[PDB]
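Participant: missing the sequence, but the structure's below:
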């Protein structure tokens, strides 16, 4: 369990990153 | 007097565990400061001695936290005060020592020497 | 309007129909949430109390539910006496249900009516009633009033005692009646009497429900009233080792868990010894797992230092380390790891290898099963071995080796956790990264498409540990990774996260290729500009890697190419700035990197302008233009240091890692400024005893290790070349100008705040006073602001004080310099300033909002709101002033 894992602990999804995920995920 | 016995026991627990790592010393001081504050909130006649010893342990905790800062690991030209913590710590210990010396009625020379 | 809505739901409670009347009653909490005004909450609560007094019991229950849901708003009614009196009037009802509802009202209102004696008397009288609902409500009201009033508690303690040993009271009502003694945490003698009653009560009623409830209320009393704890712990251990029921032992276990979580420092060595002895001779794994959970909670605290050779705790941890139960094994491994990293005695050298091999056995047991309960023990084991590697460095090689051997023979969902563990270990010990690169790369190769759901997470985690492990660049492995993503994953989010990790760890050519592969995958042009800017930044940092050594011409070429790409990137980055979530930190960080690289290029140009542009015809001084050139370079680098500092102060939402990165850049430009000063400008005045006490170099990242190594090397070179040469020296320019190369050789790391916005907080700062004020009057700035915490409010830092600075600049200087440190109490603050405007004309005033955190660090985060003030003169005062002047 890395304390500084970015991909992990994705409960705190931002606004820009969430939209980026929605845009680059289903493609 | 269970409360007086607990206060003495917590103080000697702080005194007798002064050989730990800085993190453990900070944890012990935080625990004992919390216990002394709550004891002052419970036993009214021991409230003054409780927060007196709590302010002393807060002084020691601030000293320990200031002596374990990241600024000692960098050189003097690379030191930066915009993320400093020890400068506020020394001022806080000064304020707490003055508060300890002058807002407590039952002080004597045998306490004033440790305060100074 | 607030009062309009109040009348709108007020007209419904004289409807006569019970449905619209309960409608009207239960709409009240929404009104309280919308309009928290004390003069209006007061009227609403008074008419709620009136309809409580006149309504039926269902309306009274609705009023009770509203009162329970509005407990924080009923402290601001201030007409307490008549409100409580008109509720209390129907304690005299012959209906026991109405009496019960009123007792629940009084218990609900106990926060705002402590020491209210008729309420105490009503609770005491209703405790002896013959109706079960009234007695239960009286118990609830007594539990509430005992928490809020000690004068109620001292008599009700005796009353509850006498009606517990009263055998007319049934057993279930006794069970409901025991936890009143939990709130006896007011006086020491009160808690002592409660403990004596509980001690008689446990042995008097040895029922399992009675002993559960009595032991739990005894421990809540002992935790709240702190002078009860060692005897409570020894009582719990005695009941854990002697009482044969599994439920009693289970409460003793979870209760000692609570007491170890709350006050681990008060545990004596005898208590830990007794708990260990309990864990040795138990035959049940369900109890042993709980006891080891308590001991593992105790192991991570200072109770081990109070406990301390090979003791019963060590033997118990070794025994439970090799157990068929995975939870018991995880707890024993946790105890062993905490003991190992706690101290450095001679006895733990034997059990260090025991901890390592127990960790390896737990890995080989918890990896191939994919159980939901197996992943928790796997996380515990991997966190324990991360702690073992970080706390004690030398044995980390075996930990890394067993992780690498376990990776090739484990299921996919376990591989993400081991990749996280391996990345956490490898960022702290960099020598282990390069030795494990081949096996990890083979593991990346053998993926192909042999997963469908965990494939993405495994790919990003395994690429992350490739990037952390490879301190240098990639030549063929980059192509193999690119081919693996192109064949396997068309999901561009995995590519983006892998490129994000690559730019985090400094592998910028890989990030550049992945960002080129992603420009056609986005929908919004904003993300296209963001990805193009990221591609250009990665390309520029890759162009910076062409610095081989000592070649200042190739240095100028590489810095110029990197600058070209890098502010092409900032050209494409500010196009991605949005009104909602702007790219403020990214723009400032990239602008500061541009300014630092340009200052580096200018300093190398001054290196070349030593030998070129020879000194003037002059018989410091007699050095030519180069003295002023290094003076300007020092000023620029010090300005860069101050700008990195103000970026640090303006971030406030970053990690420790991003703040450390900004501090590293600031220290870099500070190092260059000091290297200019100490050996060009004034070597005599400078070069004091600047010996950095390099003790425990607790650098969290490999990038930080490289930066401090470069800093130490450059500082040692500066100190060794302080006064050995004249200030116009070829060695001075060479050592400084190679310090530039050493600083730029390590690649830049883009941290998490550059990519992910966590702890989004700001100040609304809605001030209330071009406004015009008379010359003789003084303007009053009634400034108020509300903070806006996003998701996690205190993930990294929390606001302690909001320091507001306001100053007035005439002729839209800075004469009304004012400062007030206000404390927000409900995430909202308000303070009022007094500004004087003697000079007539337009006065531009500005207000700042600095935030001081819990540690005392000032963060300049708030908006700089400006309003213009005009100082118009009274016609009578103007005429009087002109008459007096003329």
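Facilitator: Here it is on my side, so go on. Numbering: from 1, shown residues only, chains lettered A, B, ... in the order given.
Participant: so which strand or helix has residue C:820?
Facilitator: Residue C:820 belongs to strand C:818-822 when assigned by DSSP states H and E.
Participant: Now do that strand: distance to the chain's middle.
Facilitator: Strand C:818-822 sits 26 Å away from the centroid of its parent chain (C-alpha atoms, centre = their mean, to the nearest Å).
Participant: ditto for stretch B:75-84
Facilitator: Distance of stretch B:75-84 from the chain centroid (C-alpha atoms, centre = their mean) equals 26 Å.
Participant: Same check on stretch C:495-515?
Facilitator: Put simply, stretch C:495-515 sits 27 Å off its chain's centre (C-alpha atoms, centre = their mean).
Participant: just checking, residue C:804 touches residue C:850?
Facilitator: Yes - taking contacts as C-beta atoms under 8 Å, residue C:804 lies within contact range of residue C:850: 7.5 Å. C-beta coordinates here come from the backbone N, C-alpha and C atoms, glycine included.
Participant: Spell out which residues are contacts of both of these two.
Facilitator: Residues touching both residue C:804 and residue C:850 by C-beta atoms under 8 Å, 6 or more residues apart in numbering or on different chains: residue C:862.
Participant: The two: who's more crowded?
Facilitator: Remark: of residue C:804 and residue C:850, residue C:804 carries more neighbours, 24 against 18, as counted by other C-beta atoms under 10 Å in any protein chain shown.
Participant: Can you classify residue C:571 by secondary structure?
Facilitator: Classification of residue C:571 using DSSP: H, G, I helix; E, B strand; the rest coil returns helix.
Participant: For it, give its distance to residue C:207.
Facilitator: For residue C:571, the distance to residue C:207 (C-beta to C-beta, to the nearest Å) stands at 78 Å.
Participant: One more: residue C:844?
Facilitator: From residue C:844 to residue C:207 the distance is 78 Å (C-beta to C-beta).
Participant: Of these two, give the one with the bigger neighbour count.
Facilitator: Neighbours per residue, other C-beta under 10 Å: of residue C:844 and residue C:207, the larger number sits with residue C:844, 16 against 13.
Participant: Where is the longest helix in chain B?
Facilitator: Longest helix in chain B by number of residues (criterion: DSSP state H): helix B:47-67.
Participant: ok, the residue in chain B sticking out farthest from the centre - contacts?
Facilitator: Each residue of chain B has a distance to the centre, and by C-alpha atoms, centre = their mean the biggest one is for residue B:77: 31.2 Å. By C-beta under 8 Å, 6+ apart, the contact list for residue B:77 reads C:670, C:671, C:674, C:678, C:690, C:715.
Participant: What about the first one, how many residues nearby?
Facilitator: By other C-beta under 10 Å, the residues close to residue C:670 number 25.
Participant: ok, and the closest non-adjacent residue to it?
Facilitator: residue C:641 (4.7 Å; C-beta to C-beta, 6 or more residues apart in numbering or on different chains).
Participant: Look at the residue nearest to residue C:367 when sequence neighbours are not counted and give its secondary structure.
Facilitator: Using C-beta to C-beta, 6+ apart and skipping residues adjacent in sequence, the residue nearest residue C:367 is residue C:410, 3.8 Å away. For residue C:410, the assignment made with three-state DSSP gives coil.
Participant: And what about the closest residue to chain B within the stretch 401-550 of chain C, helix, strand or coil?
Facilitator: Across the stretch 401-550 of chain C, the shortest distance to chain B (C-beta to the nearest C-beta) belongs to residue C:428, at 15.7 Å. Using three-state DSSP, the structure places residue C:428 in coil.
Participant: residue contacts, it?
Facilitator: Taking C-beta under 8 Å, 6+ apart, we find residue C:428 in contact with C:389, C:390, C:700.
Participant: Most proximal residue of chain B with respect to chain A?
Facilitator: residue B:23 (15.8 Å).
Participant: burial count for that residue?
Facilitator: Residues lying near residue B:23 (other C-beta under 10 Å) number 11.
Participant: would it count as being in a helix?
Facilitator: Yes - assessed by three-state DSSP, residue B:23 belongs to a helix.
Participant: From residue C:351, how far out is it?
Facilitator: Counting by C-beta to C-beta, the gap from residue B:23 to residue C:351 is 22 Å.
Participant: Which of the helices or strands spans the residue nearest to residue C:202 when sequence neighbours are not counted?
Facilitator: Leaving out its chain neighbours, the residue that sits closest to residue C:202 by C-beta to C-beta, 6+ apart is residue C:214, at 5.0 Å. When elements are assigned from DSSP H and E, residue C:214 belongs to helix C:208-224.
Participant: Which elements pack onto the helix or strand following that helix?
Facilitator: Next helix or strand after helix C:208-224 toward the C-terminus (DSSP H and E): helix C:229-242. For helix C:229-242, the packing partners by 3 or more C-beta pairs under 8 Å, 6 or more residues apart in numbering or on different chains; DSSP states H and E come out as helix C:208-224, helix C:246-262, helix C:269-280.
Participant: again, only this time at 10 Å
Facilitator: Here helix C:229-242 touches helix B:2-16, helix C:188-204, helix C:208-224, helix C:246-262, helix C:269-280, helix C:285-299, going by 3 or more C-beta pairs under 10 Å, 6 or more residues apart in numbering or on different chains; DSSP states H and E.
Participant: Pull out the buried residues from that helix.
Facilitator: Of the residues in helix C:229-242, C:229, C:230, C:232, C:233, C:235, C:236, C:237, C:239, C:240 count as buried by neighbour count, 16 or more other C-beta atoms under 10 Å in any protein chain shown.
Participant: any idea how far the third one is from chain B?
Facilitator: Spelled out, it's residue C:232. 12 Å (C-beta to the nearest C-beta, to the nearest Å).
Participant: what's the helix or strand for the nearest residue to residue C:391 once chain neighbours are set aside?
Facilitator: The spatially closest residue to residue C:391, leaving aside those adjacent along the chain, is residue C:341, at 3.2 Å (C-beta to C-beta, 6+ apart). Assessed by DSSP H and E, residue C:341 sits inside helix C:326-342.
Participant: and that helix with helix C:285-299, angle?
Facilitator: 20 degrees (axes from the mean of the first three to the mean of the last three C-alpha atoms, to 10 degrees).
Participant: Quick one: list the elements packing against helix C:326-342.
Facilitator: Short answer (3+ C-beta pairs under 10 Å, 6+ apart): helix C:326-342 packs on helix C:269-280, helix C:285-299, helix C:303-307, helix C:312-321, helix C:348-366, helix C:372-391.
Participant: Next, the angle helix C:372-391 makes with it.
Facilitator: With the same axes, to 10 degrees defining the directions, helix C:326-342 sits at 10 degrees from helix C:372-391.
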